[PDB]
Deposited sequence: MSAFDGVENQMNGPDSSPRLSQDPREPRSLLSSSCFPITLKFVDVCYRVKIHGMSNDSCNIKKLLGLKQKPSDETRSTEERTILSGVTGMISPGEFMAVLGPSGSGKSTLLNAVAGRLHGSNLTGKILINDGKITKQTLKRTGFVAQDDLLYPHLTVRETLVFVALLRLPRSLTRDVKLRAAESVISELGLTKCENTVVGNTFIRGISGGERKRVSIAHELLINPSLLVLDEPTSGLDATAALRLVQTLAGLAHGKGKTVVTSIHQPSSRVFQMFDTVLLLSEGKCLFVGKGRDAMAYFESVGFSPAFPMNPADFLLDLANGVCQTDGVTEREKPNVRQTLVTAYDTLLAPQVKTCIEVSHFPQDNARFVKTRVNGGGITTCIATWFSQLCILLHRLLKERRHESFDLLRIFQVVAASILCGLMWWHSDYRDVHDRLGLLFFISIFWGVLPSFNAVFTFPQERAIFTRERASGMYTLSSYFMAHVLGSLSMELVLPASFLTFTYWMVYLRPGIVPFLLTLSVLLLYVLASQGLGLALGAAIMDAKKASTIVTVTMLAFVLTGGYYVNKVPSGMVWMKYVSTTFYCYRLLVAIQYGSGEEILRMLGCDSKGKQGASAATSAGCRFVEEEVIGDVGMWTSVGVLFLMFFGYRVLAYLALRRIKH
């Protein structure tokens, strides 16, 4: 319940650099310590010794919680708020925390007690007035910048921690907003008895006064530690004082650099003055939350009105160039089944490469704190993009089948619909597999266009006389199989239009109807087992 961080001589290196060189401090419960210092002075590198996320040869020193070397028993009461607010844009403020409660709180609790443990942090972090507004981001009209930091603090206030370690929470806020956000972080130490240690960039006048304890670092030597009242009165005991009306934070940061109307002199004054079946049951609940959580993310990636327009446009071009087409024109119709097969191998695999890059930050953050394990995260993008990446092609083909006059009958329709969707999902798994192998979104959006070019050229339409050494590349192609199958569903084995009439080199093809459905399934599962094995390195 109480956490007395009692770190001493916290040293640290990096490969040449040294961030911390013997810091020492104590942080008792009910006490609002604030670590101050110049930029690059070693602030964040020491908050990540209170967050316990830096231990090895770099960190040297004994970091203690209640005089005990740190454990994950001691890491269930510590919540480290980082500077990046990683929130999903389309979730309401309440949904954003209702979902994190179910994922974070232990499942032993009921699912109706988890709803109030996530709605009390709303009411006590002052979010009651904006609990039902979209979080948004720069592009989406959302919440204020001061509310987007409270919401990111309610994440770590859901496990009810003891040692709460924020990392520059006020940076980028208003003048009054960054005062209230520290008025609230005082109530967590003065009204709840927590141990809150935060670093602030440039405190205002009222924001420095509300500190109980203060810690100053120049370059990693702990120039001063103690109360906020005893800081400005300590330094003049060596001969330093403001020459003009100052903010006591302003005066103390200047001393951190050595600028007096002195850095090395203020460090030597520290030597002598201030020296079985459930496991498959939790997985299917991590997946049921991760599917309903990021459901509006899979409804903005898919029903963007610049994708509905690029498909309502193709549906009126593709259904006007071929209006009441005739099946006897075997060459006008094999070029329709290759536009349908080009459009839907490029549209899915391209838009599916901006999915893993865009969420590598929210994933690795929320994966390292428990809360899911990449088997339920991967399988919630997979199962969530299947459901949404089939509504545009299913409705393009429903419009481009009765105006184009393709093969009538409910059986040839549902077999063309079935073959499109199985190909829309087999090419989309090419996006997911390249997006995850190359975690860059613009470097991987070019390799999925140089790859759908090698797939469209070798797809069997432009070239009928492929060289003897380039014949294999149509087999690893995904458009070869959707086009072999789209033709065989509208014409067949010839013999019904060879009865009516160049129509045996483009109508009989090379592969069966089942080796074309059995390899558009080995590319469904095969391009997802590679999208996962590529994420097993993050």
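Q: Compare what was deposited with what's modelled and send me the C-alpha-less stretches, numbered from 1.
A: Several regions go unmodelled: 1-35, 51-79, 326-336, 351-378, 605-623, 661-662.
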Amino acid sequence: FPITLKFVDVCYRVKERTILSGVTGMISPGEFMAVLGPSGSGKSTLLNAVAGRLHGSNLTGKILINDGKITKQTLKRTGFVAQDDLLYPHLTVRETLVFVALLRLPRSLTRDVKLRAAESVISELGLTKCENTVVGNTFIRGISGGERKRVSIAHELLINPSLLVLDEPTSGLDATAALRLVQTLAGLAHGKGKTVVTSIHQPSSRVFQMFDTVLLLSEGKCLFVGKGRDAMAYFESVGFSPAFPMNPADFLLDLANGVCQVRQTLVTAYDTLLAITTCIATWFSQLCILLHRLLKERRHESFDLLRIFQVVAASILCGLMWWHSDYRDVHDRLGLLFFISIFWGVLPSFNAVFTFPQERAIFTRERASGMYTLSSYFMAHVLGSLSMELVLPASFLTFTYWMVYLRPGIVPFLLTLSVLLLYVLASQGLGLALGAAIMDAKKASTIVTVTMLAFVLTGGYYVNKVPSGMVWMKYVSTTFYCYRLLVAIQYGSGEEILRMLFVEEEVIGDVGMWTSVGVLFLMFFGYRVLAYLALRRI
From here on, numbers count along this sequence of modelled residues.
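By rigid core we mean the largest C-alpha set that fits within 1.5 Å across both forms.
Q: 129-137 versus 218-226: which one's CA atoms end up farther from this form in 5 other deposited structures of this protein after a core fit?
A: Comparing 129-137 with 218-226, the one that moves more in 5 other deposited structures of this protein is 218-226.
Q: Using the rigid core for superposition, please say which stretch has the greater CA deviation in 5 other deposited structures of this protein, 160-168 or 230-238.
A: Output: 230-238, the stretch lying farther off on average in 5 other deposited structures of this protein.
Q: Please establish whether a third or more of the other compared PDB entries omit coordinates for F502.
A: yes, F502 frequently unmodelled elsewhere, at least a third of entries.
Q: How about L430: is it missing in a third or more of the other compared entries?
A: No, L430 is modelled in every one of the other compared entries that cover both of its flanks.
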